[PDB]
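Comments concern the structure below.
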Amino acid sequence: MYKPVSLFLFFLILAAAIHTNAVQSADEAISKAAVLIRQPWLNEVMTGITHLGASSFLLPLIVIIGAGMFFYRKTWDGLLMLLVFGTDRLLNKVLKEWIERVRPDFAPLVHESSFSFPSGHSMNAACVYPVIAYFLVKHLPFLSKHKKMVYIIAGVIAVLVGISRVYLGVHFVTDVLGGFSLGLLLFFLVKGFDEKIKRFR
């Protein structure tokens with residue numbers, strides 16, 4: 001499928017491009033430009049939003065949803081969601097420790113110690129929220145007339161989490177795009193897998 005291949009190729013192009021001075025310069029300018037629109041009230045809003053992409057929030061979220069699905073439909077798809085989440089975290093950690101990009105460190109509003117590329121919160125969100133959308137639409141019949149709106153919400157949440165990492169001064173735009181592309185890649189792989197094994201269309 002062209003979608004997952006294209007996201008993979010895009011990530012590779014980014015992983016090369018962040019080593020050019022021209023991209024590094026644009027990344028710094030956008031990071032610093034984001035500081036210009038900060039207000040203390042918005043700092044708080046953006047910090048709350050960023051928690052929607054944190055592993056400590058998404059793991060219990062996945063378990064609660066998976067449990068709800070089991071009680072409602074007797075499905076075990078919750079384990080599939082946990083599996084993709086675990087793969088997402090392992091992949092992000094390996095890539096971070098291999099690329100070793102230094103954090104922006106101009107004006108961070110939340111503290112993070114690790115390397116910055118790819119962004120963990122962006123990768124978490126771009127994978128988990130679309131995956132939740134897929135399994136909720138799969139299993140909750142009363143959502144089948146709101147399919148598009150469910151996916152729109154997932155996409156809005158993911159985009160806002162990414163924005164918040166740049167706003168909050170702990171990731172560059174390119175860290176966020178790299179994370180987005182790989183999280184979406186993993187969503188499409190799980191979705192393609194689950195649709196494949198269906199015995200009825």
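Identifiers in this document derive from the order of the structure tokens: chains are assigned A, B, ..., residues are numbered from 1 separately in each chain, and ligands are numbered from 1 in order of occurrence.
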Sel. of alpha helix (DSSP H) residues, region 124-187 of chain A, as a PyMOL selection string: chain A and resi 124-139+147-167+173-187
Contact residues around residue 34 (chain A) with only C-alpha atoms at 6 Å, ignoring same-chain residues under 3 positions, as a PyMOL selection string: chain A and resi 31+37+167
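When only C-alpha atoms are used to compute distances to residue 95 (chain A), the closest of the residues A:182, A:140, A:61, A:46 turns out to be A:182.
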Selection: 9 Å around residue 171 (chain A), only C-alpha atoms, excl. self and same-chain fewer than 3 positions, as a VMD selection string: chain A and resid 31 103 to 105 108 116 to 119 162 165 to 168 174 to 176
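With distances taken over only C-alpha atoms, A:91 is the one residue among A:91, A:63, A:9, A:42 lying closest to residue 123 (chain A).
In this comparison, which uses only C-alpha atoms, the residue of A:111, A:178, A:155, A:170 approaching residue 17 (chain A) most closely is A:178.
Nearest residue to residue 57 (chain A), choosing from A:128, A:133, A:109, A:189 and counting only C-alpha atoms: A:128.
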Pairwise distance for CA of residue 191 (chain A) and CA of residue 67 (chain A), rounded to one decimal in Å: 19.5 Å
Residues within 12 Å of residue 186 (chain A), please, as a PDB file with N, CA, C and O atoms, in the first residue's frame. Count only C-alpha atoms; anything in the same chain fewer than 6 positions from it doesn't count.
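Everything below was put into result-v1.pdb:
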```
ATOM      1  N   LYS A   3       0.264   4.287   1.157  1.00  0.00           N
ATOM      2  CA  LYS A   3       0.243   5.115   2.363  1.00  0.00           C
ATOM      3  C   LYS A   3       1.358   4.750   3.333  1.00  0.00           C
ATOM      4  O   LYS A   3       2.147   5.635   3.705  1.00  0.00           O
ATOM      5  N   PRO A   4       1.483   3.502   3.791  1.00  0.00           N
ATOM      6  CA  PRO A   4       2.576   3.188   4.724  1.00  0.00           C
ATOM      7  C   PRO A   4       3.956   3.297   4.097  1.00  0.00           C
ATOM      8  O   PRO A   4       4.904   3.685   4.793  1.00  0.00           O
ATOM      9  N   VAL A   5       4.105   2.967   2.812  1.00  0.00           N
ATOM     10  CA  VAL A   5       5.401   3.122   2.151  1.00  0.00           C
ATOM     11  C   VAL A   5       5.778   4.592   2.072  1.00  0.00           C
ATOM     12  O   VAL A   5       6.944   4.964   2.259  1.00  0.00           O
ATOM     13  N   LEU A   7       4.798   7.079   4.064  1.00  0.00           N
ATOM     14  CA  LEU A   7       5.154   7.580   5.387  1.00  0.00           C
ATOM     15  C   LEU A   7       6.561   7.142   5.769  1.00  0.00           C
ATOM     16  O   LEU A   7       7.333   7.926   6.335  1.00  0.00           O
ATOM     17  N   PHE A   8       6.921   5.902   5.435  1.00  0.00           N
ATOM     18  CA  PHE A   8       8.266   5.410   5.710  1.00  0.00           C
ATOM     19  C   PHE A   8       9.314   6.196   4.929  1.00  0.00           C
ATOM     20  O   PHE A   8      10.325   6.635   5.492  1.00  0.00           O
ATOM     21  N   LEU A  80      -4.391  -6.286  20.890  1.00  0.00           N
ATOM     22  CA  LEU A  80      -3.795  -5.740  19.675  1.00  0.00           C
ATOM     23  C   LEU A  80      -3.411  -4.278  19.868  1.00  0.00           C
ATOM     24  O   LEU A  80      -2.335  -3.847  19.441  1.00  0.00           O
ATOM     25  N   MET A  81      -4.285  -3.497  20.507  1.00  0.00           N
ATOM     26  CA  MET A  81      -3.967  -2.098  20.766  1.00  0.00           C
ATOM     27  C   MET A  81      -2.747  -1.977  21.668  1.00  0.00           C
ATOM     28  O   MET A  81      -1.856  -1.157  21.417  1.00  0.00           O
ATOM     29  N   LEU A  83      -0.381  -4.142  21.884  1.00  0.00           N
ATOM     30  CA  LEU A  83       0.772  -4.602  21.121  1.00  0.00           C
ATOM     31  C   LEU A  83       1.322  -3.501  20.219  1.00  0.00           C
ATOM     32  O   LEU A  83       2.541  -3.325  20.119  1.00  0.00           O
ATOM     33  N   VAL A  84       0.447  -2.763  19.534  1.00  0.00           N
ATOM     34  CA  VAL A  84       0.943  -1.692  18.678  1.00  0.00           C
ATOM     35  C   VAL A  84       1.540  -0.579  19.528  1.00  0.00           C
ATOM     36  O   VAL A  84       2.568   0.005  19.169  1.00  0.00           O
ATOM     37  N   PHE A  85       0.924  -0.284  20.676  1.00  0.00           N
ATOM     38  CA  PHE A  85       1.484   0.721  21.572  1.00  0.00           C
ATOM     39  C   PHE A  85       2.883   0.324  22.025  1.00  0.00           C
ATOM     40  O   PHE A  85       3.812   1.140  21.995  1.00  0.00           O
ATOM     41  N   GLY A  86       3.054  -0.933  22.437  1.00  0.00           N
ATOM     42  CA  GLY A  86       4.369  -1.396  22.850  1.00  0.00           C
ATOM     43  C   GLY A  86       5.392  -1.312  21.734  1.00  0.00           C
ATOM     44  O   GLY A  86       6.547  -0.949  21.963  1.00  0.00           O
ATOM     45  N   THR A  87       4.979  -1.644  20.509  1.00  0.00           N
ATOM     46  CA  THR A  87       5.881  -1.549  19.365  1.00  0.00           C
ATOM     47  C   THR A  87       6.251  -0.097  19.090  1.00  0.00           C
ATOM     48  O   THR A  87       7.397   0.211  18.745  1.00  0.00           O
ATOM     49  N   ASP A  88       5.281   0.801  19.241  1.00  0.00           N
ATOM     50  CA  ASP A  88       5.521   2.227  19.069  1.00  0.00           C
ATOM     51  C   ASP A  88       6.592   2.724  20.032  1.00  0.00           C
ATOM     52  O   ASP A  88       7.523   3.434  19.636  1.00  0.00           O
ATOM     53  N   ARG A  89       6.477   2.356  21.308  1.00  0.00           N
ATOM     54  CA  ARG A  89       7.420   2.840  22.308  1.00  0.00           C
ATOM     55  C   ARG A  89       8.812   2.277  22.074  1.00  0.00           C
ATOM     56  O   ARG A  89       9.808   3.004  22.163  1.00  0.00           O
ATOM     57  N   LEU A  91      10.114   1.174  19.234  1.00  0.00           N
ATOM     58  CA  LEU A  91      10.669   1.770  18.024  1.00  0.00           C
ATOM     59  C   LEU A  91      11.158   3.192  18.277  1.00  0.00           C
ATOM     60  O   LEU A  91      12.231   3.582  17.803  1.00  0.00           O
ATOM     61  N   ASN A  92      10.384   3.987  19.019  1.00  0.00           N
ATOM     62  CA  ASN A  92      10.786   5.365  19.288  1.00  0.00           C
ATOM     63  C   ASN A  92      12.080   5.410  20.092  1.00  0.00           C
ATOM     64  O   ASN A  92      12.975   6.219  19.809  1.00  0.00           O
ATOM     65  N   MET A 123       4.600  10.600  18.188  1.00  0.00           N
ATOM     66  CA  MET A 123       4.506   9.237  17.704  1.00  0.00           C
ATOM     67  C   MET A 123       3.427   8.473  18.461  1.00  0.00           C
ATOM     68  O   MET A 123       2.611   7.774  17.850  1.00  0.00           O
ATOM     69  N   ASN A 124       3.394   8.621  19.793  1.00  0.00           N
ATOM     70  CA  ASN A 124       2.331   8.022  20.596  1.00  0.00           C
ATOM     71  C   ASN A 124       0.954   8.428  20.084  1.00  0.00           C
ATOM     72  O   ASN A 124       0.081   7.581  19.863  1.00  0.00           O
ATOM     73  N   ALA A 125       0.737   9.734  19.911  1.00  0.00           N
ATOM     74  CA  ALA A 125      -0.599  10.224  19.592  1.00  0.00           C
ATOM     75  C   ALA A 125      -1.019   9.817  18.186  1.00  0.00           C
ATOM     76  O   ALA A 125      -2.161   9.395  17.972  1.00  0.00           O
ATOM     77  N   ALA A 126      -0.113   9.953  17.213  1.00  0.00           N
ATOM     78  CA  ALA A 126      -0.449   9.660  15.826  1.00  0.00           C
ATOM     79  C   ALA A 126      -0.726   8.181  15.610  1.00  0.00           C
ATOM     80  O   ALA A 126      -1.383   7.817  14.630  1.00  0.00           O
ATOM     81  N   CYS A 127      -0.236   7.325  16.497  1.00  0.00           N
ATOM     82  CA  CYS A 127      -0.565   5.911  16.448  1.00  0.00           C
ATOM     83  C   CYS A 127      -1.818   5.601  17.260  1.00  0.00           C
ATOM     84  O   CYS A 127      -2.774   5.025  16.733  1.00  0.00           O
ATOM     85  N   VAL A 128      -1.851   6.006  18.531  1.00  0.00           N
ATOM     86  CA  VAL A 128      -2.868   5.480  19.437  1.00  0.00           C
ATOM     87  C   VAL A 128      -4.251   6.039  19.118  1.00  0.00           C
ATOM     88  O   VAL A 128      -5.245   5.305  19.163  1.00  0.00           O
ATOM     89  N   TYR A 129      -4.359   7.338  18.823  1.00  0.00           N
ATOM     90  CA  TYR A 129      -5.717   7.866  18.721  1.00  0.00           C
ATOM     91  C   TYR A 129      -6.405   7.363  17.455  1.00  0.00           C
ATOM     92  O   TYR A 129      -7.581   6.978  17.515  1.00  0.00           O
ATOM     93  N   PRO A 130      -5.731   7.326  16.300  1.00  0.00           N
ATOM     94  CA  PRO A 130      -6.347   6.673  15.133  1.00  0.00           C
ATOM     95  C   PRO A 130      -6.651   5.197  15.353  1.00  0.00           C
ATOM     96  O   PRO A 130      -7.663   4.705  14.839  1.00  0.00           O
ATOM     97  N   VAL A 131      -5.804   4.473  16.094  1.00  0.00           N
ATOM     98  CA  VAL A 131      -6.076   3.069  16.387  1.00  0.00           C
ATOM     99  C   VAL A 131      -7.323   2.931  17.251  1.00  0.00           C
ATOM    100  O   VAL A 131      -8.161   2.052  17.016  1.00  0.00           O
ATOM    101  N   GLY A 179       7.865  11.834  14.132  1.00  0.00           N
ATOM    102  CA  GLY A 179       7.024  11.015  14.987  1.00  0.00           C
ATOM    103  C   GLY A 179       5.661  10.745  14.378  1.00  0.00           C
ATOM    104  O   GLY A 179       5.190   9.605  14.363  1.00  0.00           O
ATOM    105  N   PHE A 180       5.004  11.798  13.874  1.00  0.00           N
ATOM    106  CA  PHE A 180       3.724  11.638  13.188  1.00  0.00           C
ATOM    107  C   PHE A 180       3.808  10.559  12.119  1.00  0.00           C
ATOM    108  O   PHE A 180       2.939   9.687  12.024  1.00  0.00           O
ATOM    109  N   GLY A 192      -4.515  -2.573   8.547  1.00  0.00           N
ATOM    110  CA  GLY A 192      -4.441  -3.505   7.437  1.00  0.00           C
ATOM    111  C   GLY A 192      -4.428  -4.945   7.902  1.00  0.00           C
ATOM    112  O   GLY A 192      -5.083  -5.807   7.308  1.00  0.00           O
ATOM    113  N   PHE A 193      -3.699  -5.223   8.982  1.00  0.00           N
ATOM    114  CA  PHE A 193      -3.673  -6.576   9.522  1.00  0.00           C
ATOM    115  C   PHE A 193      -5.061  -7.010   9.984  1.00  0.00           C
ATOM    116  O   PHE A 193      -5.536  -8.097   9.630  1.00  0.00           O
TER     117      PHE A 193
END
```
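Comparing A:24, A:56, A:6, A:39 by their smallest distance to residue 121 (chain A), the closest is A:56 (using only C-alpha atoms).
Using only C-alpha atoms, the nearest neighbour of residue 136 (chain A) within the list A:62, A:35, A:185, A:69 is A:69.
Interatomic distance, CA of residue 43 (chain A) against CA of residue 158 (chain A): 18.0 Å.
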Separation of CA of residue 122 (chain A) from CA of residue 99 (chain A) in Å: 16.8 Å
